[PDB]
Each structure stands twice: as structure tokens, then as C-alpha cells.
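For reference, the chain that follows is the form deposited in one PDB entry, supplied as C-alpha cells.
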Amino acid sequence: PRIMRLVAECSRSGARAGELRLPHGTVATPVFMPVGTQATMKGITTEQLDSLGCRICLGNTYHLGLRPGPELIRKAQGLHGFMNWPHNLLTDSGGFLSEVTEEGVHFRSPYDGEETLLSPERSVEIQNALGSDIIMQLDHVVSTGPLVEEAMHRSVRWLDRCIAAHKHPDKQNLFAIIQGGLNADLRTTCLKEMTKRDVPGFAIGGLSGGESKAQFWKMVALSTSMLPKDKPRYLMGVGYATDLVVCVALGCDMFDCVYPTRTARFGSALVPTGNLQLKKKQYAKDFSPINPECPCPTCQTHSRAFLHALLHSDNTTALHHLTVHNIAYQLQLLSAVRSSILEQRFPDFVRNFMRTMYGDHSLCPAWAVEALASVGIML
């Protein structure tokens, strides 16, 4: 019962144009998945997010556990019915002060009080009440020594316990999360153990911790080389435009990050040349749009100068315009990547993306040049 269909592949690198069959519709891959919890906090309605072409977004299990709680989400006909989101949803396990034992993750109450145990079983039960289309296993995430290997094997045992507790694989898709940190021997072990489990998808965890970029993309490529070709590959916590393009070339299919929503609050708007810091003086008389090639409502209607005026005012709409546009940039980038894979022009697309972003190839980040060269894309 495969949830992913491969539509096109790059004949030179690992890029994959695919499609996910989920209970709330089909999702084109590669896909960046916004964190809908932050989108609504940003003031973006369901209709706006839908009009941008988004067909899958994330919900934060721990946040929904604090408010309004899973009991209310159940009464509200799941998270779909609560926020009135018609398309797909992905929720985390809810694990990531928090002590970890074999029983599960322990949450202390502020200023003393009863603890709260989040076991693998309860993570599945909580996520079953939310009703998301894709659910994530509970894993043991460590910050280096014996604790790294200890947490990896516990993540495997917790994977088996989530699979056992997950009684409705026809309605929710459970993803495993590859551990091992930056240790190649541990990560390879976790890849060997977790791929034996019949889960519909796989996620790559532990790769947004502040490591070096060389160790970053090498752990990505090690993961994608051992993950099943006929199942999606989910790289968590990756949102920068360069990182997306590079990790698509390494074989990743799904991505999530709070980055687009965050910098929208900082006045910055994403563009093919990097970002525009629209709060700065230089945009006070810039009567052009953010990006005339962007189809979002902000770029079809407003100028940089007007957004600059709103940023120097009490109007919350200044954040709405940028949150709308930044999400649209992420969707536009990943759909343009997908078209290049369908049209067998992905390397030329990557060379043009890097050239527009950095200029001369000698100014490209060294880690990205190595990663792209490892899959046959030269600059």
C-alpha cells in the first residue's frame, strides 16, 4: 500500500518528482510544509493558505497538548475540523525540561506538581485524536558519547511500540525518524534497523542542531542512500532556499521549517536573490513589488514602499502581507524545482538558482558546491 508514486527522476542526480496519496488529497513532491500553527498565529486564514496552493501543513503536537488539549480537539472532530483545514496535516510525536526513560518522555509541572508521562503509546493516542494524515514516531532525541547510541536504540524500540499502538494505518500514516546524529556508524545502524519496519514513510532526524554543513549534507546523503526508493524521505527542520535545492538533489521529498513564518515578522521578504529587508530606509520609495514574478496577493497588489510604511506603523497587516508572500516563495521554489525534474533540466535549474542567489560560482557556499558535485551537478 505505497503512499508515494514516482513521476520523474533526474538522470544525473538524486532529484525526485513524486506525488503523495493522502486521505485529504494528493500532494506533489518535493514539497515544503509550512507550520500551520504559526500561520494562524501570523493571521492567515485557511482560504489564504489554500489559495497559495498549500495542500499540507504541520501542527505542533506539544502546543495543541497545552492548548486546547486533545480532548477538545476530539470534540471538535479532529484538528481538521477545529481550524477548518480541508487538506492534509502532519503532526509531531510531541516529544521535543524533559527527562527520558524507557517508559517515555517526562514533563515536569512548574513550581512542583505531578509529572506527565508521554509514552510511545500515548503519543500515538494523542496524534490519533488530532486526526492528522501523517503522524511521527516518538524518538529519544539527545542534544555526545554513550548517550547517542543509547538514544538511537531506544528510538528503534519506541518505533516498534508506536507501530503496535497505531491500530488504524488506513487512516493515519506513521513515519519513522532516523537517528544516529552525525555518527555515520550509528546512523547506518539506525537506517538498517528502521527500514525493516513496514512504515509508509521515513524522516531524517537530528540534522538541525548546529552541526557543520559538511557533516550536515553528508548525513543527509547517507540517509537517502539507504532509505527506500518507493517511500518518501522527510528532512525535518530545513527551510533555507539553498538547503532545499541541495537536499532535493540528495533525494529528499518533504521539508518543514518555521523559517518563512519567522522572518516575515522581522520585515524580511524572500526573493530569488536572497531577501529584502523591507523595514530599511532604502525601500521607502521603492514603488515596485517584492517580486513581479510572484503570484501571491502581496506581490499582485502592493509595493515595497507601502509595505515599508506598514512596517513603520502599528498595523498588524504588515506581518500578514509578508507571511503570505514568504510562504508563496517556498511553494513557488519547490514547484519550480518539481517542473525542472519533470522536464529533465534540474542541473541547469540548480546552476541558475545558485547563480541568481550568489553570483559567480566561486561565491557559492563551499558545502553546497561539494554536495551538488557529489550528485553530478557542477557550477
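Throughout, rigid core stands for the largest set of C-alpha atoms superposing within 1.5 Å between the two forms. Note that residue numbering follows the sequence shown and begins at 1.
The protein also exists as the form deposited in another entry; that form is not presented, and the subsequent description refers to it.
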**Residue showing a 2 Å-or-more C-alpha displacement between this form and the one not shown once the rigid core is overlaid, selected from 231, 108, 197, 153** = 108
**Item:** Core-aligned CA displacement of residue 211 at least 2 Å between this form and the one not shown
**Value:** yes
**Message:** Relative to what's shown here, the Cα pair residue 211 and residue 157 differs by 3 Å or more in that other deposited form. Does it come closer or drift farther?
**Reply:** farther
**Message:** Distance change of 3 Å or more between the C-alpha atoms of residue 109 and residue 123 in that other deposited form: closer or farther compared with this structure?
**Reply:** closer
